[PDB]
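Going by our numbering, the sequence shown opens with residue 807, and the numbers climb by one from there. We put the CB at the ideal spot given by N, CA and C, even for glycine.
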Amino acid sequence: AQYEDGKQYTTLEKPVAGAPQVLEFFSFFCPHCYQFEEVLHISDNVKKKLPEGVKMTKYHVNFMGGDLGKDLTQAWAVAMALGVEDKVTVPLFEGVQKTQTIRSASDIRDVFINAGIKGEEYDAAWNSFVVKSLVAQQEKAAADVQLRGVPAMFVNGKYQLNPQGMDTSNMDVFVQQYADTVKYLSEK
(Lines of atoms letter the chains of each structure in order from A and count residues from 1; the text may use other names and numbers.)
(Lines give C-alpha, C1' and ligand atoms only; values in the text may rest on other atoms or scores of the structure.)
Protein backbone atom coordinates (compact mmCIF):
# COMPACT_ATOMS: atom_id res chain seq x y z
CA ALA A 1 0.00 0.00 0.00
CA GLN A 2 1.12 3.62 0.47
CA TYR A 3 0.91 3.57 4.26
CA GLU A 4 2.15 0.24 5.70
CA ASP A 5 2.43 -1.17 9.19
CA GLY A 6 6.09 -1.33 10.18
CA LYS A 7 6.93 1.47 7.77
CA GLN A 8 5.45 4.87 8.67
CA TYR A 9 3.96 3.39 11.81
CA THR A 10 3.90 0.31 14.01
CA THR A 11 0.84 -1.25 15.64
CA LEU A 12 0.65 -1.96 19.35
CA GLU A 13 0.74 -5.67 20.17
CA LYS A 14 -1.43 -4.69 23.13
CA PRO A 15 -3.72 -1.71 22.42
CA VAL A 16 -4.59 0.74 25.19
CA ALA A 17 -8.27 1.34 25.96
CA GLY A 18 -9.53 4.89 26.47
CA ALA A 19 -6.20 6.58 25.67
CA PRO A 20 -6.17 10.20 24.37
CA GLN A 21 -6.67 10.58 20.60
CA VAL A 22 -3.25 12.02 19.78
CA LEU A 23 -0.71 11.32 22.53
CA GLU A 24 2.82 12.70 22.35
CA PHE A 25 5.72 11.92 24.74
CA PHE A 26 8.91 13.93 25.18
CA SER A 27 11.75 14.83 27.56
CA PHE A 28 13.52 18.16 27.90
CA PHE A 29 16.69 16.00 27.87
CA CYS A 30 15.78 14.50 24.50
CA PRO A 31 17.78 15.91 21.53
CA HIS A 32 15.28 14.87 18.82
CA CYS A 33 12.53 16.40 20.99
CA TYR A 34 14.37 19.72 20.96
CA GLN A 35 14.44 19.50 17.15
CA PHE A 36 10.75 18.40 17.05
CA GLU A 37 9.84 21.46 19.10
CA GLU A 38 12.27 24.23 18.06
CA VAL A 39 13.13 23.35 14.45
CA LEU A 40 10.27 21.19 13.08
CA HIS A 41 7.24 22.38 15.10
CA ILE A 42 5.77 18.88 14.80
CA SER A 43 2.96 19.18 17.35
CA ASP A 44 1.78 22.28 15.69
CA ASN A 45 1.81 20.98 12.14
CA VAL A 46 0.04 17.80 13.21
CA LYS A 47 -2.67 19.98 14.81
CA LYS A 48 -3.05 21.96 11.58
CA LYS A 49 -4.01 18.81 9.67
CA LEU A 50 -5.99 16.98 12.33
CA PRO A 51 -9.74 16.90 11.96
CA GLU A 52 -11.15 19.22 14.65
CA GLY A 53 -13.04 17.55 17.49
CA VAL A 54 -9.69 15.86 18.06
CA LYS A 55 -7.77 16.51 21.30
CA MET A 56 -3.97 16.74 21.36
CA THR A 57 -2.10 15.60 24.46
CA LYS A 58 1.61 15.92 25.30
CA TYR A 59 3.32 14.37 28.37
CA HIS A 60 6.82 14.49 29.86
CA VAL A 61 8.76 11.30 30.75
CA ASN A 62 11.00 10.33 33.68
CA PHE A 63 13.48 7.92 32.15
CA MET A 64 15.98 10.59 31.00
CA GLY A 65 18.09 12.78 33.27
CA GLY A 66 17.52 10.93 36.53
CA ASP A 67 16.42 13.17 39.41
CA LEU A 68 16.09 16.31 37.30
CA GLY A 69 14.07 14.37 34.72
CA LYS A 70 11.52 13.63 37.43
CA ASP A 71 11.60 17.31 38.53
CA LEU A 72 10.89 18.14 34.94
CA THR A 73 7.84 15.85 34.80
CA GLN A 74 6.43 17.55 37.91
CA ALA A 75 7.11 21.03 36.40
CA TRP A 76 5.40 20.05 33.17
CA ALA A 77 2.41 19.03 35.37
CA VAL A 78 2.55 22.57 36.79
CA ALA A 79 2.75 23.97 33.29
CA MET A 80 -0.36 21.95 32.25
CA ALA A 81 -2.29 22.93 35.38
CA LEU A 82 -1.58 26.67 34.96
CA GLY A 83 -2.06 26.51 31.20
CA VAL A 84 1.38 27.96 30.51
CA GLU A 85 2.87 25.26 28.29
CA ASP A 86 3.52 27.80 25.57
CA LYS A 87 5.58 30.10 27.76
CA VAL A 88 7.92 27.59 29.31
CA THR A 89 8.59 25.00 26.63
CA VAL A 90 11.29 26.91 24.78
CA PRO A 91 13.18 28.24 27.84
CA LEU A 92 13.04 24.76 29.43
CA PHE A 93 14.50 23.09 26.31
CA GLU A 94 17.16 25.73 25.95
CA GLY A 95 17.92 25.84 29.67
CA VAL A 96 18.48 22.07 29.66
CA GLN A 97 20.14 21.48 26.27
CA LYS A 98 21.48 24.84 24.98
CA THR A 99 22.74 27.07 27.80
CA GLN A 100 22.74 24.23 30.37
CA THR A 101 21.63 26.54 33.12
CA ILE A 102 18.99 24.18 34.48
CA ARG A 103 20.63 21.97 37.10
CA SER A 104 18.13 21.86 39.96
CA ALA A 105 14.42 22.19 40.76
CA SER A 106 15.18 25.79 41.68
CA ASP A 107 16.51 26.59 38.21
CA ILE A 108 13.41 25.04 36.64
CA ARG A 109 11.37 27.32 38.86
CA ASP A 110 13.41 30.37 37.71
CA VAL A 111 12.26 29.74 34.14
CA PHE A 112 8.61 29.97 35.28
CA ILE A 113 9.25 33.15 37.35
CA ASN A 114 11.00 34.70 34.38
CA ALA A 115 8.10 33.59 32.16
CA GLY A 116 5.93 35.68 34.46
CA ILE A 117 4.24 33.09 36.69
CA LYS A 118 4.24 34.27 40.28
CA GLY A 119 6.33 32.52 42.93
CA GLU A 120 3.32 32.01 45.17
CA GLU A 121 1.38 30.55 42.24
CA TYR A 122 4.18 28.20 41.10
CA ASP A 123 4.99 26.84 44.57
CA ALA A 124 1.29 26.34 45.35
CA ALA A 125 0.82 24.43 42.06
CA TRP A 126 4.12 22.51 42.54
CA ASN A 127 2.86 21.17 45.87
CA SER A 128 -0.80 20.61 44.97
CA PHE A 129 -2.55 17.24 44.78
CA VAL A 130 -3.98 18.41 41.46
CA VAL A 131 -0.35 18.39 40.28
CA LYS A 132 0.34 14.95 41.90
CA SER A 133 -2.32 13.06 39.89
CA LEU A 134 -1.29 15.03 36.79
CA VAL A 135 2.19 13.54 37.35
CA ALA A 136 0.40 10.20 37.90
CA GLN A 137 -1.45 10.57 34.58
CA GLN A 138 1.78 11.27 32.71
CA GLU A 139 3.47 8.22 34.17
CA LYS A 140 0.41 5.98 33.59
CA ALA A 141 0.10 6.83 29.88
CA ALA A 142 3.80 6.08 29.38
CA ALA A 143 3.49 2.91 31.44
CA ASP A 144 0.52 1.78 29.36
CA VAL A 145 2.58 1.65 26.14
CA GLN A 146 5.77 0.34 27.78
CA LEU A 147 7.62 3.45 26.61
CA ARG A 148 11.42 3.22 26.29
CA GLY A 149 11.91 6.00 23.77
CA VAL A 150 11.06 9.61 22.95
CA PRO A 151 9.98 11.50 20.91
CA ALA A 152 6.93 9.29 20.57
CA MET A 153 3.45 9.71 19.31
CA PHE A 154 0.51 7.33 19.66
CA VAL A 155 -2.80 7.63 17.80
CA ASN A 156 -5.99 6.28 19.47
CA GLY A 157 -3.93 4.06 21.73
CA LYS A 158 -3.20 1.63 18.90
CA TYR A 159 -0.73 3.14 16.48
CA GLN A 160 2.77 4.46 17.01
CA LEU A 161 4.47 6.89 14.63
CA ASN A 162 7.62 5.46 13.05
CA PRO A 163 9.74 8.48 12.00
CA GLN A 164 12.72 6.25 11.11
CA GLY A 165 10.78 5.20 8.03
CA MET A 166 10.36 8.67 6.48
CA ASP A 167 12.40 11.06 4.27
CA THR A 168 14.95 13.21 6.18
CA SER A 169 16.77 14.94 3.31
CA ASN A 170 14.26 17.75 3.54
CA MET A 171 12.92 18.90 6.91
CA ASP A 172 9.63 20.33 5.62
CA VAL A 173 8.82 17.16 3.71
CA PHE A 174 9.57 15.12 6.82
CA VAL A 175 7.09 17.14 8.85
CA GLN A 176 4.32 16.92 6.24
CA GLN A 177 4.85 13.18 5.95
CA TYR A 178 4.74 12.87 9.71
CA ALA A 179 1.60 15.01 9.96
CA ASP A 180 -0.19 13.22 7.10
CA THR A 181 0.57 9.88 8.71
CA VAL A 182 -1.05 11.05 11.92
CA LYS A 183 -4.09 12.18 9.94
CA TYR A 184 -4.33 8.86 8.06
CA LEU A 185 -4.04 6.94 11.32
CA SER A 186 -6.62 9.15 12.99
CA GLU A 187 -9.16 8.40 10.21
CA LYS A 188 -8.46 4.67 10.37
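Rounded separation between residue i and residue j - CA only
| i | j | result |
| --- | --- | --- |
| residue 878 | residue 928 | 14 Å |
| residue 980 | residue 956 | 17 Å |
| residue 811 | residue 913 | 43 Å |
| residue 994 | residue 988 | 10 Å |
| residue 832 | residue 964 | 18 Å |
| residue 954 | residue 863 | 18 Å |
| residue 922 | residue 825 | 33 Å |
| residue 852 | residue 817 | 19 Å |
| residue 1009 | residue 958 | This structure does not reach residue 1009, given that the chain is present from 807 up to 994, and the question cannot be answered. |
| residue 911 | residue 808 | 46 Å |
| residue 975 | residue 839 | 18 Å |
| residue 968 | residue 982 | 14 Å |
| residue 941 | residue 966 | 22 Å |
| residue 933 | residue 924 | 14 Å |
Residue from the options whose Cα sits closest to the Cα of residue i
| i | options | result |
| --- | --- | --- |
| residue 893 | 917, 941, 859 | 917 |
| residue 935 | 976, 880, 921 | 880 |
| residue 888 | 937, 976, 966 | 937 |
| residue 858 | 834, 828, 901, 838 | 828 |
| residue 834 | 861, 891, 856, 854 | 891 |
| residue 949 | 970, 869, 926 | 869 |
Residue i, buried or exposed, once every other Cβ within 10 Å from all chains shown has been counted against 16
| i | result |
| --- | --- |
| residue 919 | exposed |
| residue 902 | buried |
| residue 867 | buried |
| residue 849 | buried |
| residue 931 | buried |
| residue 905 | exposed |
| residue 915 | buried |
| residue 837 | exposed |
| residue 895 | buried |
Beta-carbon proximity of residue i to residue j, cut-off 8 Å
| i | j | result |
| --- | --- | --- |
| residue 951 | residue 991 | no |
| residue 843 | residue 899 | yes |
| residue 865 | residue 947 | yes |
| residue 944 | residue 885 | no |
| residue 846 | residue 977 | yes |
| residue 985 | residue 855 | yes |
Determine, using beta-carbon pairs with one atom in the stretch 864 to 879 and one in the stretch 818 to 825, whether at least three such pairs fall under 8 Å.
No, the stretch 864 to 879 is not in contact with the stretch 818 to 825.
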